[PDB]
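Those sequence lines, one after another, are chains A, B and C. Positions 1 to 74 (our numbering) are the ones given, in order, by the first sequence. Positions 1001 to 1524 (our numbering) are the ones given, in order, by the second sequence. Positions 2001 to 2136 (our numbering) are the ones given, in order, by the third sequence. One structure below.
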Amino acid sequence: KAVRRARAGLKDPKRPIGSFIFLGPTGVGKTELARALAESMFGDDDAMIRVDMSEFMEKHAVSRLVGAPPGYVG
Amino acid sequence: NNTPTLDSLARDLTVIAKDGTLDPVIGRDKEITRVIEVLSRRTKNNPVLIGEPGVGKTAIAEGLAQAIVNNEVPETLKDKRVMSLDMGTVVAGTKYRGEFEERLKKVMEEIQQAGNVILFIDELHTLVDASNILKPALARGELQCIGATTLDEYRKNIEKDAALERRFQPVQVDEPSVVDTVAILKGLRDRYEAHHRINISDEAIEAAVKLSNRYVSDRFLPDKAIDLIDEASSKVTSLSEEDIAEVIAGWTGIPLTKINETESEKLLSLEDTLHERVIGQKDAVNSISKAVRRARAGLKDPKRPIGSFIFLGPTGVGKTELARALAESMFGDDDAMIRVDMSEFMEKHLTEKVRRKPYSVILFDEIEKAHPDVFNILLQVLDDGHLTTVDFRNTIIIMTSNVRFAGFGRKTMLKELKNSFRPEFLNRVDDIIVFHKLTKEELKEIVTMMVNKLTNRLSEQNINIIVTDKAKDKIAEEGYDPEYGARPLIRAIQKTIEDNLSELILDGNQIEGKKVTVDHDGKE
Amino acid sequence: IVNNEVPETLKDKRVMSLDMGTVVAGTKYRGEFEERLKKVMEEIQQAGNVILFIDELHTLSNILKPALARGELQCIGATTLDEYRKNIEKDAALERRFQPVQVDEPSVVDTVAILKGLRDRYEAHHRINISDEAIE
Ligand SMILES: Nc1ncnc2c1ncn2[C@@H]1O[C@H](COP(=O)(O)OP(=O)(O)O)[C@@H](O)[C@H]1O
Ligand SMILES: Nc1ncnc2c1ncn2[C@@H]1O[C@H](COP(=O)(O)OP(=O)(O)O)[C@@H](O)[C@H]1O
């Protein structure tokens, strides 16, 4: 419904197409469903942008998302 | 009519096209058409051919020159010259004011007054000093350019200045497939036969393509295959795969018999070539040979790695030398082993190595000590087969490991692995291998190996070392430890030989080929 | 070449060595050097049989391009890896035309063999005998 609402031109221009939390047990399909969506949109699983939050265990890991402040390395 | 300075320092491509000497350009019709439509623009009509080195970027400009001569271009281009301007000595006086801009403006005004030049500028990124001279002429439309650069150079230089992006349009040039490279070679065949006066078989073409794709990673098709077939037909009635393999042996140093052996005969002889390098560990060698045969039988998903093995045994008793034997046998060199450094995973709080060497054994030294981020990378390699692209399907993954009774007082390690690692990851290793604590006779056969590797090495100094088996036998004590064995022996061979002979012949005597016959004195 | 040991496919090739000092020697004005270069390149194009040797090649693409364009100047040269890493690798128009040949560091044995050959004319210059074992 979100994908169709986007391509139909009804999506609010200022907001992303959709944002979803997939909550459930381990090994139930909720990463595979994202992979299948990416495949259906781009023909390949590899076009997904995958962020592994387990490495972001510290607050300063946030620099990997948005960069290092002026004067800091990288 | 004429452009006297430009004609001195630019290779005229369209005249070489009319002179028939230019080689054919095959299959690049999409890229040529994209260049045509970019050139027809009114404003930013300057294509940049973006692609890896050697993929055919200049061949697009030469195909354009052919299209112009062959009247295939639209009428807007029917008469334009294509001039490959070389930067090499457009810089010539790096200190003086204006000496660069002098001859640059001279070339540019010649190109202006002869308003029918298309200029090809290879390594365009090297211009970004000149940009302030080109921007006004480009804006004025007098000069029309084809650039060529790598993608990373483009991002590093041209993308950063919006005023350059406001003048140049990117055209992606990709490395052709094996099929396209074959079609290229089959076109160029006749033109190379006319030079070498040798027949070139189709099987030699496909062999050259395959072997350039499998033994020369750091270079790209078609240039690899062209270079290979050219140097082979130089080395040579007709060309054949044996000459291709000989040239690959030249470029790699790999022995020719290792190169031209089939997959099957390679993996059949495998475990003998393992046994003779490692000594002992019969169960481990049989396990790894069984597992790799099972993988290469070809039923497994061809995107997944060839193997994934955990080594449990004590210390250094044979793990690393078995990994090096596996890399030597499966892929052709000890240099086919990559030792991963775990610091890369800590550093955020390998990929560019695999890019260079995809036929390699990947060794994880003591995976227990790694950052637990390593398991994300491991799982990603072991399930998808690719990272960022870099592809692991040809690699073998080896992960090494080393996993008091307060009282009056061969299966435990299989237990303790389960709880010492993430079991969801142990669900995905292909096999688990246990190394035994080696026997004394195996250890002294190692000593016969190392003493031979010293004797023949010393023999390069004309020092014909000779040794008595019983003397080596009675150094088998000199490093037998419950913790380790294949290491302390290395601190025995130099004391028992090198320093022993440093007392016995190097001083107070003199080195001669006779008493370097080590006779057993009854003790050592 | 002079032994005619080279392939029968190129016995006619003549090897010659170009020194910039000689080419500038006695030039009296600017551009005379460059035009003497251009006319010797034209003579090279007419002859077709030449092969040109250029030591200290790193002293050199464009000014000799008119005969590197198609490769009318068949070229052989020597350089150190230092004076190769920094320049000859760093011009695509050279990497399109040159091929590096590494000349190996020789063994002790080969160096004493070449010595005990070439020794005979240094004996001549000194009028002294060289012990072959003192060489080794
Ligand atoms: N409902 C399902 N349909 C199809 N395949 C599934 C389903 N649930 C799990 N799987 C399979 O098992 C794996 C499930 O991974 P997944 O459950 O997406 O990881 P997680 O949910 O723990 O992030 C995938 O390889 C997928 O093929
Ligand atoms: N379509 C093609 N037809 C014939 N030869 C080609 C083709 N594409 C590339 N080549 C060959 O590849 C070699 C390298 O050319 P190129 O990749 O343009 O060099 P560069 O690294 O400057 O881009 C040349 O010898 C060229 O003839």
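The C-beta atom is built at its ideal place from N, Cα and C for all residues, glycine as well.
B:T1014 versus B:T1003 - alpha carbon distance: Rounded to the nearest whole angstrom, the C-alpha separation of B:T1014 and B:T1003 is 15 Å.
Where B:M1087 sits in the DSSP three-state scheme: Three-state result, B:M1087: coil.
Test item: CB-CB of B:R1081 and B:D1023 under 8 Å: With contacts defined by Cβ atoms closer than 8 Å, B:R1081 and B:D1023 do not form a contacting pair.
Three-pair Cβ contact test at 8 Å for the region 1468-1475 of chain B versus the region 1441-1455 of chain B: Yes, the region 1468-1475 of chain B is in contact with the region 1441-1455 of chain B.
Chain B within 8 Å of C:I2076, Cβ atoms only: Under the Cβ criterion of 8 Å, C:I2076 is not counted among the residues facing chain B.
Near ligand 1: B:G1407 beta-carbon under 7 Å from a heavy atom: For ligand 1, no non-hydrogen atom lies closer than 7 Å to the CB of B:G1407.
Near ligand 2: B:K1030 beta-carbon under 7 Å from a heavy atom: For B:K1030, the distance from the CB to the nearest heavy atom of ligand 2 is not below 7 Å.
Backbone secondary structure at B:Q1169 - three-state DSSP: Here B:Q1169 sits in strand by DSSP.
CB contact below 8 Å: B:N1427 versus chain A: Chain A contact via Cβ: absent.
Collapsed DSSP secondary structure at B:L1326 in the structure displayed: Note: B:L1326 maps to helix in three-state DSSP.
Min CB distance B:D1373 to chain A below 8 Å: The C-beta of B:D1373 comes closer than 8 Å to at least one C-beta of chain A.
Backbone CA spacing between C:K2090 and C:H2126 [nearest angstrom]: C-alpha of C:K2090 to C-alpha of C:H2126: approximately 46 Å in a straight line.
Coil, strand or helix - B:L1256 by DSSP: For B:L1256, the secondary structure class from DSSP, reduced to helix, strand or coil, is helix.
CB contact below 8 Å: B:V1216 versus chain C: Under the Cβ criterion of 8 Å, B:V1216 is not counted among the residues facing chain C.
Check: B:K1437 C-beta below 7 Å from any heavy atom of ligand 3: Of the ligands this structure carries, namely ligand 1 and ligand 2, none is ligand 3.
Assigned exposure category for A:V3 - 16 Cβ within 10 Å defines buried: With fewer than 16 other Cβ atoms within 10 Å, it is exposed.
Enclosing beta strand (DSSP E) for B:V1361 [first to last residue]: Per DSSP, B:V1361 belongs to the beta strand (DSSP E) from 1361-1364.
Member of B:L1489, B:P1488, B:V1173 whose CA lies at the smallest distance from the CA of B:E1031: The shortest CA-to-CA distance from B:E1031 to any of B:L1489, B:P1488, B:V1173 is the one to B:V1173.
Buried versus exposed call for B:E1062 [16 or more other C-beta atoms within 10 Å across all chains shown]: B:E1062 sits buried, since 16 or more C-beta atoms from the chains shown fall within 10 Å of its C-beta.
Short CB-CB distance (under 8 Å) between B:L1119 and chain C: For B:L1119, the nearest beta carbon of chain C is not closer than 8 Å to its own beta carbon.
Minimum Cβ-Cβ distance from A:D12 to chain B less than 8 Å: Not closer than 8 Å to any Cβ of chain B, the Cβ of A:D12 fails to qualify, so no.
Where the beta strand (DSSP E) containing B:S1264 begins and where it ends: Membership of B:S1264 in any beta strand (DSSP E) is not indicated; the residue belongs instead to the alpha helix (DSSP H) covering 1263-1268.
Minimum Cβ-Cβ distance from C:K2065 to chain B less than 8 Å: Answer yes: the Cβ-Cβ gap between C:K2065 and chain B drops below 8 Å somewhere.
Contact under 8 Å by Cβ, B:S1233 with B:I1184: Taking 8 Å as the Cβ cut-off, B:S1233 and B:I1184 do not qualify as a contacting pair.
CA-to-CA distance, B:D1272 to B:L1326, given in whole angstroms: Their Cα atoms are separated by approximately 11 Å.
Cβ of A:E39 within 8 Å of any chain B Cβ: Interface flag for A:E39 against chain B is unset, since no Cβ pair is found closer than 8 Å.
Residues, ordered as in the chain, of the region 1342-1358 of chain B that lie near chain A by beta-carbon distance below 8 Å: Across the region 1342-1358 of chain B, CB contacts with chain A closer than 8 Å involve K1348, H1349, in sequence order along the chain.
Residues proximal to ligand 1 by C-beta, any heavy atom closer than 6 Å: Output, sorted by chain position: A:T26, A:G27, A:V28, A:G29, A:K30, A:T31, A:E32.
Min CB distance B:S1008 to chain C below 8 Å: Taking Cβ atoms only, chain C reaches closer than 8 Å to B:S1008, which makes this a yes.
Residue burial classification, B:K1224 (beta-carbon count within 10 angstroms, cutoff 16): With 16 or more other Cβ atoms within 10 Å, it is buried.
Three-state secondary structure assigned by DSSP to C:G2077: C:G2077 falls in the strand class under three-state DSSP.
Supposed contact pair B:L1256 and B:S1329 - C-beta distance, whole angstroms, cut 8 Å: No, B:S1329 and B:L1256 are not in contact; Cβ-Cβ is about 16 Å, not under 8 Å.
Alpha carbon of B:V1117 to alpha carbon of B:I1016, nearest angstrom: B:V1117 and B:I1016 have their alpha carbons spaced roughly 15 Å apart.
Chain B contact residues for C:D2091, given Cβ-Cβ distances below 7 Å: C:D2091 reaches chain B at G1088, counting residues in chain order whose Cβ is nearer than 7 Å.
Near ligand 2: B:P1255 beta-carbon under 7 Å from a heavy atom: The beta carbon of B:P1255 sits no closer than 7 Å to any heavy atom of ligand 2.
Test item: CB-CB of B:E1231 and B:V1247 under 8 Å: In this structure, B:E1231 places its C-beta atom within 8 Å of the C-beta atom of B:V1247.
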